[PDB]
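**Q** Line order of the protein sequences matches chains AK and AG.
So the first sequence is numbered by the entry's author numbering: it starts at 8 and just counts up by one.
So the second sequence is numbered by the entry's author numbering: it starts at 75 and just counts up by one.
What follows is a structure written as structure tokens; I'll ask about it next.
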Amino acid sequence: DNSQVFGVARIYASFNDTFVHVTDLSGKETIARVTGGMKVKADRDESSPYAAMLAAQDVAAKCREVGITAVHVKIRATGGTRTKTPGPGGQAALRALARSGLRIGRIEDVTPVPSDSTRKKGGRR
Amino acid sequence: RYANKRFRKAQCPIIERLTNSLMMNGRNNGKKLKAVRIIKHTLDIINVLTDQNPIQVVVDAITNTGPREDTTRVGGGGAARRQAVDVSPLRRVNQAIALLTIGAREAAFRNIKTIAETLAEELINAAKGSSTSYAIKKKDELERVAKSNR
RNA sequence: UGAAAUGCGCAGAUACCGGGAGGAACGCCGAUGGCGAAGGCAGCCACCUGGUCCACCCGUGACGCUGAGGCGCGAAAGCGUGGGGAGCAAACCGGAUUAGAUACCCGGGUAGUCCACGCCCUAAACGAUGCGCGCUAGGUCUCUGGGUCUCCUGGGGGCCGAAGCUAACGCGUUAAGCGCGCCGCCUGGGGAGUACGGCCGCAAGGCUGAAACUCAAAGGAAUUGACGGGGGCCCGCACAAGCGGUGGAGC
Numbered sequence: 008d009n010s011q012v013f014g015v016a017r018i019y020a021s022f023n024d025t026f027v028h029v030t031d032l033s034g035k036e037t038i039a040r041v042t043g044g045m046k047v048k049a050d051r052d053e054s055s056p057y058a059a060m061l062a063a064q065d066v067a068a069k070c071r072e073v074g075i076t077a078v079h080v081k082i083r084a085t086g087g088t089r090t091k092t093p094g095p096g097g098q099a100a101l102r103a104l105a106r107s108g109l110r111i112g113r114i115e116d117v118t119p120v121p122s123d124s125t126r127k128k129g130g131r132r
Numbered sequence: 075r076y077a078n079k080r081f082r083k084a085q086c087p088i089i090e091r092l093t094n095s096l097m098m099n100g101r102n103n104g105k106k107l108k109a110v111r112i113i114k115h116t117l118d119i120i121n122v123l124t125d126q127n128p129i130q131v132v133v134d135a136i137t138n139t140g141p142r143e144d145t146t147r148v149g150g151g152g153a154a155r156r157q158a159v160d161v162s163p164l165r166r167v168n169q170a171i172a173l174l175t176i177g178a179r180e181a182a183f184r185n186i187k188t189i190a191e192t193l194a195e196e197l198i199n200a201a202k203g204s205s206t207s208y209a210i211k212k213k214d215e216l217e218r219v220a221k222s223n224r
């Protein structure tokens, strides 16, 4: 709509799925993608690093119309994929962006953590 | 690989090495004679049906038949992806010649006491003057496979 | 998860954003580092407090060393009362694997793990090496103080090594060397850290600690060898490349 060119990209990995949303210098999201956004179904789409890759690109390409060029990447959460590929899951997204055409100014890990909300199950703790 | 490339004596009729190679492809059981005859007779077939000189027709055929890119399997972290790759110039000829003879054998037409017509027809069909026939198909198919998995 | 299943989810889970509550731990810095007598101790802040090194050589003037029994401290688990409880998780309840699976793997889960007060007192509580002092080549890296600060000097942590020691492995100014002082401890293996007695403990248990009988060994280090999905280098029609074939039919 209204060219921005410089902005932020938030990569939110999880064991389930990857969702990336690009934003303005301000923080208001330009566009967003995920594995679901692309037509890929729940298990594979969601997590698969491949998916993360596709989602990353879709996010950038869509943002390209917005006139996006440079972006700061923020990584939140850890997650990946089951896939045979190395599938860090998060990394692929970080990669797809660097390649997508946008110049990535920086990668930053700001995974949130609770002070200590509630007990995790899932064999955690 | 199998061994160092041995140089081949050029063809008695037209002293072209490539021709001998083709002849070798045709021959089996070391019946070198029958093999040479089939190729020669085909060349005669190329002369009548087609105004062009056989030697030119054949070479053009091989060109159409040589695959530029082929896909080779490789094991990546997951699954074996088929990596596309160039083909050696040496490799391309062996594939082209081999594919011609195979496709030629493929043809229904059983002409001449032997195979000789199938070779004659196959080569013309190959030419890109006529770039059709079973030989070209394989060639086109491989290239298509490659760059599919670019 | 090897594959799975149990399990959770349409009373809407998972993934995503915001808000809140609660418990526990304290990423990077972080070390090959530091502190403490040991056990042990790592977010930041303040208060209270122990030990320790160096320089000056100023004060006392042998006031020293060790230390049976005592007293105190003493990881984890465990115990008592009360509190707390997010995650983790003996027992336990399920799923799977298996010949069986009272296990390893997966899903749950109570004590417990956290705090306070009291108790227990153990350990591969290890450097498997009691404390002090003196003496006996160096080299190298490191932490902390002084200096005339491309190195010297003091305290500490590592590595290599003189002399020497040691069964060997190894130790070697951080001694396992050369000496002196004092403490503790050993005396073949099993029976056995058991029995009995005593002392301690709420309890679990702890400390002390045998005998009969029995065996020619038990044992330490190192040597040759055999044995058991690390690395490097290199071969063979071993694979790949390629031509012909067996597996089908009849014989």
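Backbone N, C-alpha and C define an ideal beta-carbon position, used for all residues, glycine too.
Does the separation of the CB atoms of AK/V66 and AK/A39 fall below 8 angstroms?
**A** Against a cut-off of 8 angstroms, the Cβ pair of AK/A39 and AK/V66 comes out as a contact.
**Q** Per the DSSP calculation, AG/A158 is bridged to which residue(s)?
**A** DSSP lists AG/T145 as partners of AG/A158.
**Q** Would you verify that the beta carbon of AG/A153 is, or is not, closer than 8 angstroms to some beta carbon of chain AK?
**A** With 8 angstroms as the cut-off, AG/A153 counts as an interface residue toward chain AK.
**Q** If contacts are defined as beta-carbon pairs under 8 angstroms, then AG/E217 and AG/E143 qualify, I think. What distance do you get, rounded to the angstrom?
**A** Correct: roughly 6 angstroms between the Cβ atoms.
**Q** Which first and last residues belong to the beta strand (DSSP E) in which AG/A182 is found?
**A** Looking at the DSSP string, AG/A182 is not in any beta strand (DSSP E), and its letter there is neither H nor E.
**Q** Got a sec, what are the start and stop residues for the beta strand (DSSP E) AK/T37 sits in?
**A** Where AK/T37 is concerned, the enclosing beta strand (DSSP E) stretches over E36 to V41.
**Q** Assuming contact is defined by CB atoms lying nearer than 8 angstroms, are AK/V80 and AK/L104 in contact in what I supplied?
**A** Yes, they are a contact pair.
**Q** How many whole angstroms separate the CB atoms of AG/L197 and AG/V148, which I take to be in contact at a CB cut-off of 8 angstroms?
**A** The Cβ separation is near 35 angstroms, so there is no contact.
**Q** Secondary structure at AG/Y208, three-state DSSP: helix, strand or coil?
**A** Helix, per DSSP.
**Q** Taking C-beta to C-beta, are AK/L109 and AK/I82 nearer than 8 angstroms?
**A** No, they are not a contact pair.
**Q** Could you check the C-alpha separation between AG/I210 and AG/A200 for me, to the nearest Å?
**A** The alpha-carbon atoms of AG/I210 and AG/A200 are separated by roughly 6 angstroms.
**Q** So what's AG/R82 in DSSP terms, helix, strand or just coil?
**A** AG/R82: coil per DSSP, three-state reduction.
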